[PDB]
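curious how this folds, go ahead:
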Amino acid sequence: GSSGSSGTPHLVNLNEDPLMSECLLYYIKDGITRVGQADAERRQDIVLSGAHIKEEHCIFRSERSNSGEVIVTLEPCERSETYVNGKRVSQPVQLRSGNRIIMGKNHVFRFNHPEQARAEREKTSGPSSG
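Numbering: from 1, shown residues only. Okay, here it is:
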């Protein structure tokens, strides 16, 4: 269907729960997006189910680098179960397009970065990377 022409960094629900009555995805705004529970001292932009989650599980920071590109960094905790690109994540690292971010037990999320993925082409072409 048609949700929002705009792209922006948003998380998609790819969990193994196709029956999930919750939202399918979540658009990330500009600033700090705390990922925890609906009870957390502060209002978390995104809330997860289950008990394997923590009030301050992790966070999502979205800021346009000095260069002028929108970047996202995951700020996990020391007492939370978070995994990125398959591995674990305890330090503030930048997320990639298509990386698997899990929060808790079975709470996966696909980071969609169309805003940048659109310029992927414009980027240098002559040279080759890998």
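
quickly list what the nearest residue to residue 4 once chain neighbours are set aside is bridged to.
Excluding its sequence neighbours, the residue lying closest to residue 4 (Cβ to Cβ, 6 or more residues apart in numbering) is residue 27, at 7.4 Å. All C-beta spots, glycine's among them, are computed from the backbone N, C-alpha and C. Listed beta-bridge partners, residue 27: residue 10 (assigned using DSSP bridges).

so residue 27 sits against residue 7, correct?
No: look at residue 27 against residue 7 with Cβ atoms under 8 Å: they stay out of range, at 9.3 Å.

what's the burial count for the residue nearest to residue 4?
For residue 27, the tally of surrounding residues (other Cβ atoms under 10 Å) stands at 16.

ok, it to residue 125 distance?
To residue 125, residue 27 is 30 Å away according to Cβ to Cβ, to the nearest Å.

now residue 51: how far from residue 92?
For residue 51, the distance to residue 92 (Cβ to Cβ) stands at 26 Å.

the more surrounded of these two?
More crowded of residue 51 and residue 92, by other Cβ under 10 Å: residue 92, with 12 against 8.

ok, now which ones touch the more buried one?
Counting by Cβ atoms under 8 Å, 6 or more residues apart in numbering, residue 92 makes contact with 61, 73, 74, 75.

pretty sure the third one contacts residue 101?
Yep, that's residue 74 we're talking about. Yes: the pair residue 74 and residue 101 qualifies as a contact (Cβ under 8 Å) at a distance of 6.6 Å.
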